[PDB]
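K.L.:
got a structure for you, letters missing:
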RNA sequence: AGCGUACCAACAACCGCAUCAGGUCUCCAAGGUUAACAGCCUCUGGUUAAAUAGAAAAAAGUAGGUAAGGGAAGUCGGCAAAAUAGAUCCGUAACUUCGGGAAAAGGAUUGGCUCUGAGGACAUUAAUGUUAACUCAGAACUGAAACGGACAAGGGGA
RNA sequence: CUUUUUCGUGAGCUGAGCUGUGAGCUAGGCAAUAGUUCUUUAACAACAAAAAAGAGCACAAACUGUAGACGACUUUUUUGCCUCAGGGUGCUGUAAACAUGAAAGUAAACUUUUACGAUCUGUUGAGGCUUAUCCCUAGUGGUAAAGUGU
Ligand SMILES: [Mg+2]
Ligand SMILES: [Mg+2]
Ligand SMILES: [Mg+2]
Ligand SMILES: [Mg+2]
Ligand SMILES: [Mg+2]
Ligand SMILES: [Mg+2]
Ligand SMILES: [Mg+2]
Ligand SMILES: [Mg+2]
Ligand SMILES: [Mg+2]
Ligand SMILES: [Mg+2]
Ligand SMILES: [Mg+2]
Ligand SMILES: [Mg+2]
Ligand SMILES: [Mg+2]
Ligand SMILES: [Mg+2]
Ligand SMILES: [Mg+2]
Ligand SMILES: [Mg+2]
Ligand SMILES: [Mg+2]
Ligand SMILES: [Mg+2]
């Protein structure tokens, strides 16, 4: 049924192997896969502001960590929405429901 | 296998350039949690080779011993070794009398305890250990006393003993002739590349012979190495198991920050001089010499002056974690 | 189509790679051709639709005839070095399917006398 | 009066057997750095397209980058690659058809910041007042001793 | 097949003797026939239908990386594992901001006040980073789908 979750993802762990011209698209693809795998959905939509935030430093170095909000909605009867959460410190954050 | 470190030792070779000097040497550390003895097997000699009479099991076995018989234990009914432990002891004693009368070689089945290590694996490793010594009856008596107990490693070996090592080397995949066999490298002008052998053979043996080096798999080979000497047998009941007469600092063997890629060592261990094949976590087998040696190095006994326990991540600078906080004073 | 099970390639298999999913069939080589599967599914839906008009129950149909034939190829070109031109053909085919319901001395008096005597001699 | 007037001009409209990395005549030409219409970055205008895409990442190849100590011992042969290079100030041999050789060979300097000095035009009278452009020469201070910091750019001699 | 019948050996009885089995002694009555031979259908081992009875695993998935071109191999699936975080051990070299703090010098009001200044100092062994193949923690959230062969 519908649920919300708040998680943090560190991308440097996931873009460690690809070359310069592939570093940001790889991060986008990994975010989509992770959300789909966590919510048991195949249809995962990515908000445009999050895509904007991932590309804000060019193709060569995306941010090291990102905080996102996952929401599973009732609509292939279900799907997931991924949004971006702006924080000024990642130091205490764990994942919740 | 856990990792490596170095020590300081004094020399006692009259006539050498180093006769009264402290010197540094490299050593390897092997974690040696005790084993468990669970079975007996007897062989007899035939013109077709050694042959088995029967196998005799103990009254109880553990779950990590039983996991070794399953591909996927989590989804099973776990019915291995459940009906054959209720056997009357009269049949077992009849079988043991037959083994005593007709056999010539005994071996003991023993298994390890991976739960006492930092390993992710839970299946135990099983092996046979041959027992040399007196007569057949004495051998059988010696074995039966242990059918459900632990072997400490200190029972099997002694300080300053010489030992043989058996393991599997590190794997690298497919490697070229230059790296696999160490052939010469070929001049920079060559048209199809330079990392190969020029001539495969003469014209007319009209085939390629098996002695020619070719590309293929390198690493993950089986090896047996001789003459590795024991420097210390440490225990887990001892708090200062890495201190010496000349250094009374209370210490355990594990370096600051953990053994890199392994974890912490909190069982009893061996300290071996030199190097051993395999990666970290690779299981190492330890055999006695084929015949005992009487040379000047096989009998000499070693006294240690210092064991290093500084960090192996980066470049270590302190021997214990209290020195680090004592050096800097209070921080922010 | 979704790559959960594969097709074992036993005949036209030169250079086909080895796969995990071929142990199901006692083989080593398999692949996942999706276009073939779509084309075959179209004909299977046709067969089922035709079997529902005439009053047959779909639960009992067995594929008793599957035949594949090759058809007249098409023609294109490709350009090679030193001003040459070589063919770039195609390879079409025909298919046909059938499904069907499944449930679940000589007297010779001389020889008679010999038989009688043989039978008596064995008692 | 009569005839031409659409469109391409290569990036797929032309020739090369093709929607081929080839060939094919003329005019217009911004900002910063700079000797410079060079190289590198940008505004107006144009595009984000190429007979394919995803994953994995070992041998071997092709186009590159580094390497302790030695410095051509390699090879027919220094082949290939390194080393040099802008500008200012000094200093330059044999020989010579007296014009050269010559950038011969060689040596020193170069950032940033705060200042000092030199070079014109005009109007009330030597005295007062207004008013510019760009170069050149010195001094103090400053920094992990670095400064033609990227680009661009001779190896020399008998 | 009847008659008088002795010696040995076991399903049950207890090296009493009955049964069952074998070998004999004594006197009897009662068979075989298919026109001259056509392999003398004769062995061993199976199978099927009817008649009395003994009644779990592996592959695939997700995880691992001691493995690796692909297959293959090493592991885990609820005291485990994955993810984040807190600690540890290391790498670099002192963050942003504020300061009637310093600074070769400058210029401009009426002792002092104001303005411009490369760079330096204090808060500051600070700030940033650290497994993707580093170490510890039943710390936080999760741990899905249920197919194939036998
Ligand atoms: Mg050549
Ligand atoms: Mg190290
Ligand atoms: Mg071609
Ligand atoms: Mg041509
Ligand atoms: Mg026109
Ligand atoms: Mg023509
Ligand atoms: Mg072409
Ligand atoms: Mg063209
Ligand atoms: Mg390469
Ligand atoms: Mg370098
Ligand atoms: Mg070198
Ligand atoms: Mg030479
Ligand atoms: Mg030579
Ligand atoms: Mg020559
Ligand atoms: Mg050259
Ligand atoms: Mg000259
Ligand atoms: Mg600051
Ligand atoms: Mg991990």
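P.N.:
Ah, there it is. Residues are numbered from 1 along each chain as shown, chains lettered A, B, ... in the order given. Ligands and ions are numbered 1, 2, ... in the order given.

K.L.:
What count of nearby residues applies to the spatially closest residue to residue B:73 that is not a sequence neighbour?
P.N.:
Using Cβ to Cβ, 6 or more residues apart in numbering or on different chains and skipping the chain neighbours, the partner closest in space to residue B:73 is residue B:67 (5.0 Å). (Each C-beta comes from the backbone N, C-alpha and C, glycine too.) By other Cβ atoms under 10 Å in any protein chain shown, 19 other residues sit near residue B:67.

K.L.:
who's in contact with the spatially most central residue of chain B?
P.N.:
When Cα atoms, centre = their mean is applied to chain B, the residue found nearest the centroid is residue B:284 (2.2 Å). Residue B:284 makes contact with B:1, B:30, B:165-167, B:276, B:278, according to Cβ atoms under 8 Å, 6 or more residues apart in numbering or on different chains.

K.L.:
helix/strand/coil for residue C:21?
P.N.:
helix (DSSP: H, G, I helix; E, B strand; the rest coil).

K.L.:
Could you pull up phi and psi at the residue of chain C found nearest RNA strand D?
P.N.:
Distances from chain C to RNA strand D, computed as Cβ to the nearest atom of the strand, single out residue C:79 as the nearest residue at 3.6 Å. In terms of degrees, to the nearest 10, the main-chain angles of residue C:79 are phi -110, psi 130.

K.L.:
what sits against the closest residue to it other than its chain neighbours?
P.N.:
Nearest in space to residue C:79, with sequence neighbours left out and distances taken as Cβ to Cβ, 6+ apart, is residue C:85 at 6.1 Å. Going by Cβ under 8 Å, 6+ apart, residue C:85 touches C:77-79.

K.L.:
wait, is residue C:85 part of a helix?
P.N.:
No - according to three-state DSSP, residue C:85 belongs to no helix; its state is strand.

K.L.:
Would you check that residue B:85 makes contact with residue B:60?
P.N.:
Yes - counting by Cβ atoms under 8 Å, residue B:85 touches residue B:60, with 7.0 Å between them.

K.L.:
Quick check: neighbours shared by those two?
P.N.:
By Cβ under 8 Å, 6+ apart, residue B:85 and residue B:60 have no common neighbours.

K.L.:
So the top helix by length along chain A, near RNA strand D or not?
P.N.:
Ranked by residue count, the top helix of chain A under DSSP state H comes out as helix A:23-39. Yes - using Cβ under 7 Å from any atom of the strand, we find that helix A:23-39 touches RNA strand D at A:26, A:29.

K.L.:
what's the answer for stretch B:171-185, then?
P.N.:
Yes - remark: stretch B:171-185 sits within contact range of RNA strand D at B:173-179, by Cβ under 7 Å from any atom of the strand.

K.L.:
Out of the residues you listed, flag the one nearest to RNA strand E.
P.N.:
Closest to RNA strand E, out of all of the residues of stretch B:171-185 next to RNA strand D and judged by Cβ to the nearest atom of the strand, is residue B:173, at 3.1 Å.

K.L.:
Do a quick rundown of the strands in the chain.
P.N.:
Let's take chain A. Taking DSSP state E as the test, the strands found in chain A are A:3-10, A:44-46, A:65-73, A:79-85.

K.L.:
my bad, chain C
P.N.:
For chain C, strands defined by DSSP E occupy the ranges C:7-8, C:30-31, C:61-70, C:77-80, C:84-87, C:93-101.
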